[PDB]
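I have placed the structure first, in the form of C-alpha cells, so that the comments after it can refer back to it.
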Amino acid sequence: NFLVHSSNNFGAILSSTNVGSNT
Amino acid sequence: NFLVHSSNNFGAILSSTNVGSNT
Amino acid sequence: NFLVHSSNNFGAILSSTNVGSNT
Amino acid sequence: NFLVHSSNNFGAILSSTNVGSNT
Amino acid sequence: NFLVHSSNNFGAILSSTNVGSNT
Amino acid sequence: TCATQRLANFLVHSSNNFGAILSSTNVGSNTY
Amino acid sequence: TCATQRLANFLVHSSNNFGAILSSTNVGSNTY
Amino acid sequence: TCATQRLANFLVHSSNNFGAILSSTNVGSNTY
Amino acid sequence: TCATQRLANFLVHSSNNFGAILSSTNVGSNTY
Amino acid sequence: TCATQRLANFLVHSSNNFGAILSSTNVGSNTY
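Chains as they are written, first to last, in the entry's author numbering: chain D, 14 to 36; chain F, 14 to 36; chain H, 14 to 36; chain B, 14 to 36; chain J, 14 to 36; chain C, 6 to 37; chain E, 6 to 37; chain G, 6 to 37; chain A, 6 to 37; chain I, 6 to 37.
Right, dumping it as C-alpha cells:
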C-alpha cells in the first residue's frame with residue numbers, strides 16, 4: 014500500500030490513547 | 014500491505030493506553 | 014501483512030496499559 | 014502476518030499492565 | 014503468524030503485571 | 006555547555022488528579 | 006559539558022492522585 | 006563530561022497515591 | 006567522564022502509596 | 006571513566022507503602 018517509515022521522536026506523552034500509525 | 018519501520022524514540026510515557034502502531 | 018520493526022526506545026513508563034504494536 | 018522484531022529498550026517501568034506486542 | 018523476536022532491554026520493573034508479548 | 010542548580014525549595018499539591026502531573030528538574034542530562 | 010547540583014531542599018505533597026507524578030533531578034546522566 | 010552532586014537535603018510526602026511517584030537523582034550514569 | 010558524589014542528606018516520607026516510589030542515586034554506573 | 010562516592014548520610018521513611026520503594030547508590034557498577 015503506502016510503505017511508511019516514521020523516524021519520528023517525542024517524549025512526555027501522558028494519558029493518551031494512540032501514538033503512532035494505524036491500519 | 015504498508016511495511017512500516019518506526020525507528021522512533023520517546024520517554025516519560027505515563028497512564029496511556031497504546032504507544033505504537035496497530036493493525 | 015505489513016512487516017514492522019520498531020527499533021524504538023523509551024523509559025519511565027508508569028501505570029500504562031500497552032506499550033508496543035498490536036494485532 | 015506482519016513479522017515484527019522490536020529491538021527496543023526501556024527501564025523504570027512500574028505498575029503498568031502490558032509492555033510489548035500482543036496478538 | 015507474525016514471528017517476533019524482541020531483543021529488548023529494561024530494568025527496575027516493579028509492581029507491574031505483564032512485561033513481554035502475549036498470545 | 007554551562008549548567009548548574011543551586012535552589013532552595015519548591016512545593017506541589019493536588020487533591021485527586023485524574024490524568025497526571027510531572028515535575029522535572031534536571032541539568033545537562035539529555036533525555037531520549 | 007559542565008553540570009553540577011548544590012541544592013538545599015524541595016518538598017512534594019499530593020492527597021490521592023489518580024494518574025502519576027514524577028520527580029526527576031539528575032545531572033549529566035543521559036536517559037534512554 | 007563534568008558532573009557532580011554536593012546537595013544538602015530534599016523531602017517528599019504523599020498521602021495515598023494511586024499511580025506512582027519517581028524520584029531520580031543520579032550523575033553521569035546513563036540509563037537504558 | 007568526570008562524576009562523583011559528596012552529599013550530606015536527603016529524606017523521604019509517604020503514608021500509604023498505592024503505586025510505587027523510586028529513589029535512584031548512582032554515579033557512572035550505566036544501567037540496562 | 007572517573008567515578009567515586011564520599012557522602013555523609015541519607016535517611017528514608019515511609020509508613021506503610023503498597024507498591025515499592027528503591028534506593029540505589031552504586032558507582033561504576035554497570036547493571037544488566
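Quick reminder that beta carbons are idealized off the backbone N, C-alpha and C, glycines included.
Exercise for review: Would you tell me roughly how many angstroms separate the C-alpha atoms of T30 of chain D and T9 of chain C, rounded to the nearest one?
Suggested key: As a position in the first sequence, residue 30 of chain D is number 17, starting the count at 1. As a position in the sixth sequence, residue 9 of chain C is number 4, starting the count at 1. Straight-line Cα distance between these residues: approximately 36 Å.
Exercise for review: Output, in chain order, the set of chain E residues within a Cβ distance shorter than 8 Å of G33 of chain F.
Suggested key: Within the second sequence, the letter at position 20 stands for residue 33 of chain F. Listed along chain E is no residue with a C-beta nearer than 8 Å to that of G33 of chain F; the closest approach is about 17 Å.
**Study point:** Within 8 Å, strictly: CB atoms of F23 of chain C and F15 of chain E
**Key:** Here residue 23 of chain C refers to the residue found at position 18 of the sixth sequence. Here residue 15 of chain E refers to the residue found at position 10 of the seventh sequence. At the C-beta level, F23 of chain C and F15 of chain E stay beyond 8 Å of one another.
Check your understanding: Any Cβ of chain F within less than 8 Å of the Cβ of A25 of chain C?
Key -> Position 20 of the sixth sequence, counted from the start, is the residue given in the question as residue 25 of chain C. Interface residue, yes.
Review point. Under 8 Å between C-beta atoms, does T36 of chain A make it to chain J?
Key: Indexing the ninth sequence from 1 puts residue 36 of chain A at position 31. By this cut-off, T36 of chain A is an interface position.
Review point. Roughly how many angstroms lie between the CA atoms of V32 of chain F and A13 of chain I, to the nearest whole one?
Key: By one-based count along the second sequence, residue 32 of chain F stands at place 19. By one-based count along the tenth sequence, residue 13 of chain I stands at place 8. Between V32 of chain F and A13 of chain I, the alpha-carbon positions lie close to 42 Å from each other.
Check your understanding: beta strand (DSSP E) containing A8 of chain G: first to last residue?
Key -> The residue given as residue 8 of chain G occupies position 3 in the eighth sequence. Secondary structure note for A8 of chain G: its beta strand (DSSP E) is the uninterrupted segment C7 to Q10.
Point to revise | Alpha carbon of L27 of chain F to alpha carbon of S20 of chain A, nearest angstrom | key: Stepping through the second sequence from its first residue, residue 27 of chain F is reached at position 14. Stepping through the ninth sequence from its first residue, residue 20 of chain A is reached at position 15. If you take the alpha carbons of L27 of chain F and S20 of chain A, they lie about 22 Å apart.
Check your understanding: Between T36 of chain I and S34 of chain A, which are expected to be in contact by the criterion C-beta below 8 Å, what is the C-beta distance as a whole number of angstroms?
Key -> Translated into the one-based positions of the tenth sequence, residue 36 of chain I becomes position 31. Translated into the one-based positions of the ninth sequence, residue 34 of chain A becomes position 29. The Cβ separation is near 6 Å, so the contact holds.
Review point. Who are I26 of chain A's beta bridge partners in DSSP?
Key: Walking along the ninth sequence from the start, residue 26 of chain A turns up at place 21. DSSP, once it has assigned bridges, lists G:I26 and I:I26 as partnering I26 of chain A.
Exercise for review: Look up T36 of chain F in the DSSP assignment and say whether it is helix, strand or coil.
Suggested key: In the second sequence, the residue the question calls residue 36 of chain F occupies position 23. Under the three-state reduction of DSSP, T36 of chain F is assigned to coil, being neither helix nor strand.
Point to revise | Cα-Cα separation between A25 of chain E and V17 of chain H, rounded to whole angstroms | key: The count along the seventh sequence starts at 1 and reaches residue 25 of chain E at position 20. The count along the third sequence starts at 1 and reaches residue 17 of chain H at position 4. Going from the Cα of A25 of chain E to the Cα of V17 of chain H covers about 31 Å.
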